[PDB]
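Next up is one chain by itself, shown in structure tokens, the form deposited in one PDB entry.
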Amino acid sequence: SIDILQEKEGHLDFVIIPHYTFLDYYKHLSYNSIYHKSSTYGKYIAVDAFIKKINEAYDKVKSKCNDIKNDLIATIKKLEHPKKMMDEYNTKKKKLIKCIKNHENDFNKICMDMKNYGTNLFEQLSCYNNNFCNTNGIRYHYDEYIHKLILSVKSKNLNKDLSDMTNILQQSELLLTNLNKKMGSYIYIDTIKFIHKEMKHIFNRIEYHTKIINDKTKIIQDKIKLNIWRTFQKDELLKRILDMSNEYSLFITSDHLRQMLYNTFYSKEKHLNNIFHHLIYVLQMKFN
């Protein structure tokens, strides 16, 4: 489906998951089809050029729903800095999903234009010995496009990242469990009822993506060894690159979202401690 993202306050930008992944798979077929032979190598600049020429145009197609989007930030900023508004949210949210569903034929064409490019380069991939096909392009590409990312994930503890997040998600829940007592009034009780619900849905997407990230970081690390200092027959080589491309694309899309969804969660926890400034200053007077 789709994924809504509030990285900074006053910033909103969506990601159609099957789309981002479809694009990435064809980017890896483009590079591996180029990096195979030593001669093709120089093509990279034109491929580099093309990816930009296709990405920029997708961003234009998505930026054509800016108004419906800018109407959403308005309905979002209103609930963050305070049924009527609760139902104002769902109608505007359901309006944005329709805008993407409207530009469906618009999106699927940029999608096919890149599939028509990437496969064209893949069809063009020749072998000198189809019996004994080289795997330099696999090693070069991985070591230059995918490896940094494996290190990048192996460095940051994505588990503590969730561990720290439930600890936060817990106290706010402990706060709302005993605030509901006979206190339910003016502490913008609905804002704490909205963000906690909003933050809980964010964590579920993070926990969903981190599993996929931790998943594919094993799969990719295991699968390279099998296809690196050797020479397959074309029939296998053709397949072997696609599998690595299929597995790269997931890792990458699902990773991109884990960083976006991380940032989106803390800008949604900025508006909790700020709306907690109220609750402390409130309760500080009662002892007088």
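Residue numbers run from 1 along the displayed sequence. Only residues modelled in both forms are compared. Take the two forms, find the largest set of C-alpha atoms that superpose within 1.5 Å, and that set is the rigid core.
A summary of the deposited B-factors shows that, of 273-281 and 20-28, the stretch with the larger mean C-alpha value is 273-281.
The PDB entry reports B-factors from which the mean C-alpha value can be compared for 157-165 and 89-97; the larger average falls on 89-97. Out of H196, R205, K216, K148, the entry records its largest CA B-factor for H196. For the set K182, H141, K115, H209, the PDB entry assigns the largest Cα B-factor to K182. In the PDB entry, a CA B factor belonging to the highest third of its chain's modelled residues is recorded for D67.
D59: CA B factor lies in the highest third for its chain, per the PDB record. The deposited CA B-factor of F107 belongs to the highest third of values across its chain. Ranked by Cα temperature factor within the chain, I76 sits in the highest third according to the deposited record. The deposited CA B-factor of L125 belongs to the middle third of values across its chain.
Note that the form deposited in another entry isn't included here; everything after this is about it.
Only one entry in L149, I212, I168, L176 has its C-alpha moved by 2 angstroms or more between this form and the one not shown when the rigid core is superposed, and that entry is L176. Core-superposed comparison between this form and the one not shown: CA of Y128 displaced by less than 2 Å. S185: CA moves 2 Å or more between this form and the one not shown after rigid-core fitting.
Compared with the form shown, the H271-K182 C-alpha separation decreases in that other deposited form, the change being 3 Å or greater. Compared with the form shown here, the C-alpha atoms of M165 and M183 sit at least 3 Å farther apart in that other deposited form. After superposition on the rigid core, stretches of three or more consecutive residues whose Cα atoms move by at least 2 Å between this form and the one not shown are found at 175-187, 282-286.
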